[PDB]
Amino acid sequence: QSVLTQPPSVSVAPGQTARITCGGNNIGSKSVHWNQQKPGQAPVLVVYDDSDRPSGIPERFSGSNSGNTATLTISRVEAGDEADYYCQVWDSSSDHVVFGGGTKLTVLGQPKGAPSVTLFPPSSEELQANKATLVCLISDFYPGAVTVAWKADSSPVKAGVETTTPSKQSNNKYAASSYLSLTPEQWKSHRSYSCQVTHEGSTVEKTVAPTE
Amino acid sequence: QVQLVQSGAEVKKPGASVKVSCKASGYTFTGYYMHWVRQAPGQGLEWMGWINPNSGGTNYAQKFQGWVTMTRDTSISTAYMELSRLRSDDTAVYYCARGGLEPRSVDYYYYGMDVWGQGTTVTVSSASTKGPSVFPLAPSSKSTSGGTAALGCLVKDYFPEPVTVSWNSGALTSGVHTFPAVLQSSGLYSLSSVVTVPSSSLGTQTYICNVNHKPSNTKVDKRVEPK
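Residue numbers (the authors' numbering), protein chains in the order written: chain L, 1 to 212; chain H, 1 to 227.
As structure tokens, then:
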């Protein structure tokens with residue numbers, strides 16, 4: 001009924017003011033509450049009744065609500081404010097809580113970095129169990145988007161690849177990994193295999209060879 | 001000290017059922033609605049319904065009618081939620097959250113969801129429990145750069161999460177990078193843990209990764225030796 005529409009992403013430089021909008025038909029007549037959810041954690045109520053704060057929440061968090069748009073406003077944005085923000089209303093037709101879809105706040109300015117790439121061949125233990133796995137570990141990149149491609153002797157390999165989505169490291173850069181499954185005969189029949197990581201238009205490629 | 005404490009992670013087959021619990025402390029349990037909200041991985045919050053712990057009356061969002069049952073036991077200030085006939089896309093973290101104050105009264109005040117439980121993961125998968133095959137990732141000249149060598153452990157084809165890895169029983173902690181697991185299309189996970197160490201220290205020092213897969217009651221200490 002009340003379908004709350006939030007922008008999927010908002011980005012803001014440190015110290016600036018972030019505004020996250022929550023659009024709805026005559027949302028101005030309802031009380032809007034806002035939850036903050038940091039990666040890995042349960043949500044936390046940061047603003048209720050459009051503009052009030054629970055005790056403990058810093059005064060930098062405020063909201064407005066007028067007409068067809070409620071707005072969560074975060075002043076003097078710190079990097080610790082990176083989080084998903086959700087708005088919430090109570091529908092009167094059916095005692096039903098409606099959430100908006102959430103807005104990712106990314107705080108700009110973190111240093112970019114190209115990925116480091118480490119490639120391991122199948123272990124002899126694995127080969128002796130009649131299997132083979134190539135492991136490609138990718139770390140310290142930022143921003144956290146990467147593409148991974150595999151080659152056997154420069155031709156592209158597309159079966160048997162499993163790649164993670166990137167995730168934040170404790171140093172705020174990202175890590176990912178990619179696995180290539182093949183048979184021991186496939187591993188030994190080629191001169192080399194390569195894991196090729198593309199990040200922001202540039203590539204880092206590591207090679208391993210069965211006879212090395 | 002207002003707290004909601006939910007029961008632990010659950011792993012189920014499609015078609016199974018599960019009953020999760022939410023224990024409230026630090027306030028009068030029967031004075032507030034209890035809500036339940038779920039969040040499928042990487043997705044947004046989805047309200048499921050509320051229960052009135054004073055009367056037992058409930059109210060479910062449309063798509064949760066017919067397979068979600070919210071109950072409570074006021075004796076122990078505990079809300080329960082039973083999910084019947086799980087589907088793979090019910091995989092999600094399930095939260096309880098305290099809601100509107102003073103149910104059905106002049107003082108009724110819904111100021112949001114001011115307190116949330118820590119969440120209960122419910123994973124629904126046709127994969128079956130399976131301990132990992134642990135393989136050494138041997139430090140070679142190709143795993144060495146600038147006098148430091150990388151060596152590690154491949155923890156292959158296990159289910160469900162989680163697995164923990166330590167090194168040399170907890171004594172080796174600097175230089176350890178344990179990567180998040182990949183979920184393969186077989187439904188099984190794999191992860192790797194790698195440690196960077198002095199290449200002069202190979203030959204004098206033993207490296208052992210300690211893998212614990214509690215869901216399968218399996219532990220593996222795997223020695224990692226040079227080529």
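For each residue, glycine too, the CB sits at the ideal point set by N, CA and C.
- If you draw a straight line from the Cα of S141(H) to the Cα of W47(H), it comes to about 54 Å.
- DSSP, read as helix, strand or coil, puts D114(H) in coil.
- Nearest in C-alpha terms to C136(L), of all of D49(L), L4(L), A176(L), is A176(L).
- DSSP lists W50(H) as the beta-bridge partner residues of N59(H).
- Cβ contact annotation for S116(L) (same chain, cutoff 7 Å, sequence separation greater than five): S139, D140, in chain order.
- Chain-order list of chain L residues neighbouring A61(H): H96, by C-beta distance under 7 Å.
- Between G152(H) and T218(H), the C-beta spacing is not below 8 Å.
- Note that the C-beta distance between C22(L) and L4(L) is below 8 Å.
- Bounds of any alpha helix (DSSP H) do not take in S2(L), whose DSSP letter is neither H nor E.
- Shown here for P198(H): same chain residues with a beta carbon closer than 8 Å to its own, the five before and five after excluded, namely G147, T148, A149 in chain order.
- At a cut-off of 3 residues, the continuous stretches assigned as beta strand (DSSP E) that sit fully inside the stretch 59-132 of chain H are 68-73, 78-83, 92-101, 120-124.
- In the three-state reduction of the DSSP assignment, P139(H) falls in the coil class, being assigned neither a helical nor a strand state.
- Apart from sequence neighbours up to five positions away, the residues of its chain that approach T103(L) with a beta-carbon distance below 6 Å are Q6, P7, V10, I20, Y85, ordered along the chain.
- In the three-state reduction of the DSSP assignment, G147(H) falls in the coil class.
- For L191(H), the enclosing beta strand (DSSP E) begins and ends at 189-198.
- The alpha carbon of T123(H) has as its nearest neighbour, out of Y27(H), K222(H), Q39(H), the alpha carbon of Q39(H).
- Excluding sequence positions up to five before and after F179(H), its CB lies within less than 8 Å of the CB of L191, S192, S193, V194, all in the same chain and listed in chain order.
- In this structure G99(H) does not touch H177(H) by the C-beta definition: roughly 42 Å separates them, more than the 8 Å allowed.
- Around the C-beta of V12(L), 16 or more other C-beta atoms lie within 10 Å, and the residue is accordingly described as buried.
- Using a CB distance below 9 Å, the part of the stretch 87-120 of chain H facing chain L consists of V93, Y95, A97, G99, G100, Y110, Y111, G112, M113, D114, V115, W116, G117, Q118, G119, ordered along the chain.
- For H33(L), the chain H residues whose Cβ falls inside 8 Å of its Cβ are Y111, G112, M113, in order along the chain.
- When the beta-carbon positions are compared, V211(H) and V182(H) stay at least 8 Å from each other.
- A direct Cα-to-Cα measurement between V208(L) and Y179(L) gives close to 14 Å.
- In the DSSP assignment, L127(L) falls within the unbroken alpha helix (DSSP H) covering 124-128.
- For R72(H), the number of other beta carbons within 10 angstroms of its own is at least 16, and it is reported as buried.
- Residue burial is scored here from C-beta neighbours: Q36(L) has at least 16 other C-beta atoms within 10 angstroms and is therefore classed as buried.
- For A92(H) against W116(H), the beta-carbon gap comes to about 15 Å, at or over 8 Å, which does not count as contact.
- Here DSSP, grouped into helix, strand and coil, assigns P184(L) to helix.
- The beta-carbon of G101(L) is placed less than 8 Å from the nearest beta-carbon of chain H.
- Of the residues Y95(H), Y111(H), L83(H), the one whose Cα lies closest to the Cα of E102(H) is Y111(H).
- A check of alpha carbon separations from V47(L) across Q128(L), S55(L), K173(L) identifies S55(L) as the nearest.
- Against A42(L), the close residues of chain H are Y95, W116, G117, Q118, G119, in the order they occur along the chain (beta-carbon pairs closer than 8 Å).
- Here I57(L) carries a coil assignment [DSSP, helix/strand/coil].
- Legend: CB atoms of the stretch 108-124 of chain L lying less than 7 Å from CB atoms of chain H belong to residues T118, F120, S123.
- A residue is called buried once 16 or more other Cβ atoms fall within 10 Å of its Cβ, and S169(H), having fewer, is exposed.
- The alpha carbon of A18(L) has as its nearest neighbour, out of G201(L), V77(L), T183(L), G63(L), the alpha carbon of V77(L).
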